[PDB]
Each structure stands twice: as C-alpha cells, then as structure tokens.
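K.L.:
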Amino acid sequence: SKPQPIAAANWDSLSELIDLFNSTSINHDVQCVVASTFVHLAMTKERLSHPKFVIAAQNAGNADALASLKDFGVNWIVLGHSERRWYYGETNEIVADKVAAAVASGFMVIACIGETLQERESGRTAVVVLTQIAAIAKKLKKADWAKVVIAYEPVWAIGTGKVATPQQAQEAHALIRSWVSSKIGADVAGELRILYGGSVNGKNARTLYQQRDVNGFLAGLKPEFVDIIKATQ
C-alpha cells in the first residue's frame with residue numbers, strides 16, 4: 467500500500483488562501499505543506515493554523531540560515547526545484563549538498579528532480595533524473611531517507627506546450643522508485659513519497675494520484691490546492 471501522501475504547494479491573495487486552507491476539513495491522512503519565500507514566512511506561520519499543514523522554507527543552503535529556520539519552527543524545506551537548476555545554476559551536487567545540510571539540520575526535505583523538454587525529447591529522462599537523485603543519495607545515509615521526499619518535476623511540460631499523462635507521470639515515478647529500490651533498498655523505496663510536481667488541477671490530480679507510484683503533489687499555492695489535497699486518495 468501507499469505511504470502517507472503529501473500535498474505541497476510552492477510559492478491571488480495569500481491571506482485569503484490561508485483562510486480557505488484553515489477552513490478546509492481534510493478527512494483523510496495527508497501531510498499538507500505550504501512552502502513560502504522568506505518574506506511571507508512569518509505571516510504564513512502566524513496565519514496558517516490547520517494542523518495537517520506544515521510550513522516549508524525553500525532553497526536555504528546556509529547552515530546558519532537552516533538553523534534559524536528550525537529555530538523559527540520551520541521543519542520542512544523544498545530544494546532543487548526546477549528554476550534553481552535551470553536558472554540559478556544549482557548543480558546536482560549543490561542540490562545534493564543542500565539536501566544533506568537540511569537533513570543534518572533536522573529538516574524534512576522535499577527534493578525536486580526532473581528533466582527538461584530537450585532531455586525528455588532526446589530520450590534522456592532516465593539518465594538525467596536518476597543522475598540527479600544519485601547525486602542526492604551520495605550525500606545521504608540510508609536512515610536519512612526517512613526525512614526525504616522526492617518531487618518529480620516534468621520541467622519539460624512547463625511553458626513548452628506539452629502535457630503530462632498519468633502514464634508519463636507513472637513511468638517517471640516508477641523509474642525513480644525502482645532506482646531507490648535497487649540502490650538504496652526496497653524498504654526505503656516502499657516508504658518513499660514521490661510527488662508529481664508538474665502543473666496540476668483538481669481533475670488531473672485525482673487521476674494522477676490513482677497511479678501506483680504517485681504519493682501526492684508539489685503544486686501551486688492557489689485556491690485549487692484544496693482540490694489537489696482532496697485528490698490524494
């Protein structure tokens with residue numbers, strides 16, 4: 467069976483969004499995450515009170531900064547999101563180092579991996595994606611995977627004019643899990659949450675979630691997020 471799903475939203479009125487989240491009864495077991503930028507942190511922190519939600523930082527790579535976040539009550543962090551890699555120049559190793567640092571600092575880490583349009587088109591989804599997570603694994607020890615969540619981000623589907631079928635997402639998630647099973651252990655692979663991190667709405671989320679290897683979502687901080695949460699069953 468599947469591990470606990472996660473519905474995570476990455477940073478519309480934020481205040482109104484939080485109101486909506488706070489008011490949302492979530493009946494099933496699902497860990498909800500709102501990843502904020504530094505500036506919106508204290509506000510999200512004081513406003514978001516739904517106990518099935520946790521707040522996540524993003525991209526912190528400094529030990530002191532990590533320590534401060536943890537002190538501020540932030541225990542989750544999103545790392546490796548597409549733009550960090552394709553725009554900011556965070557290499558597989560830099561992301562890996564951040565993941566390892568965050569884990570060492572007591573964080574739950576949502577580590578994003580994903581291939582570009584050109585990589586997918588040229589048939590290199592597997593080598594790109596697995597190389598990215600292999601870099602992450604190299605800096606972790608087995609026990610650390612308890613603190614790791616992988617988000618698969620079809621970068622290739624973002625502003626490229628391409629769509630992500632349940633089959634495509636399942637294929638990607640399955641190959642990641644198979645690599646984790648082989649290289650890290652089947653016990654780890656069994657517990658590992660692999661989130662689909664491409665643009666998703668209520669309907670397609672519910673369908674995606676039905677796939678064997680999909681354990682939830684990394685999506686937009688938008689009112690539709692409530693539907694993404696409900697989709698995780």
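Numbering (my numbering), first residue to last: 467 to 699. Each residue gets a CB set at the ideal place from its N, CA and C atoms; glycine is no exception.
What residue from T673, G656, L606, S467 has the CA that sits closest to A562's CA?
P.N.:
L606
K.L.:
I'd like to check one pair, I599 with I624: are the Cβ atoms closer than 8 Å?
P.N.:
no
K.L.:
Use the C-beta contact count for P689: other C-beta atoms within 10 angstroms, 16 or more gives buried, fewer gives exposed.
P.N.:
Around the C-beta of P689, fewer than 16 other C-beta atoms lie within 10 Å, and the residue is accordingly described as exposed.
K.L.:
Anyone know if the C-beta pair for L661 and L684 falls short of 8 Å?
P.N.:
yes
K.L.:
Taking 8 Å as the threshold (C-beta atoms), are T490 and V692 in contact?
P.N.:
yes
K.L.:
Applying the criterion that 16 or more other CB atoms from any shown protein chain within 10 Å of the CB defines a buried residue, is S588 buried or exposed?
P.N.:
exposed
K.L.:
So what's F519 in DSSP terms, helix, strand or just coil?
P.N.:
strand
K.L.:
Please determine if the region 473-485 and the region 506-515 are in contact, where contact requires at least 3 C-beta pairs separated by less than 8 Å.
P.N.:
yes
K.L.:
Within the chosen definition, does the region 544-560 reach the region 523-534 through at least 3 CB pairs nearer than 8 Å?
P.N.:
When Cβ pairs closer than 8 Å are counted between the two stretches, the region 544-560 is seen to touch the region 523-534, the count reaching three or more.
K.L.:
According to the neighbour-count rule (16 or more other Cβ atoms, all chains shown, within 10 Å of its Cβ), is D679 buried or exposed?
P.N.:
buried
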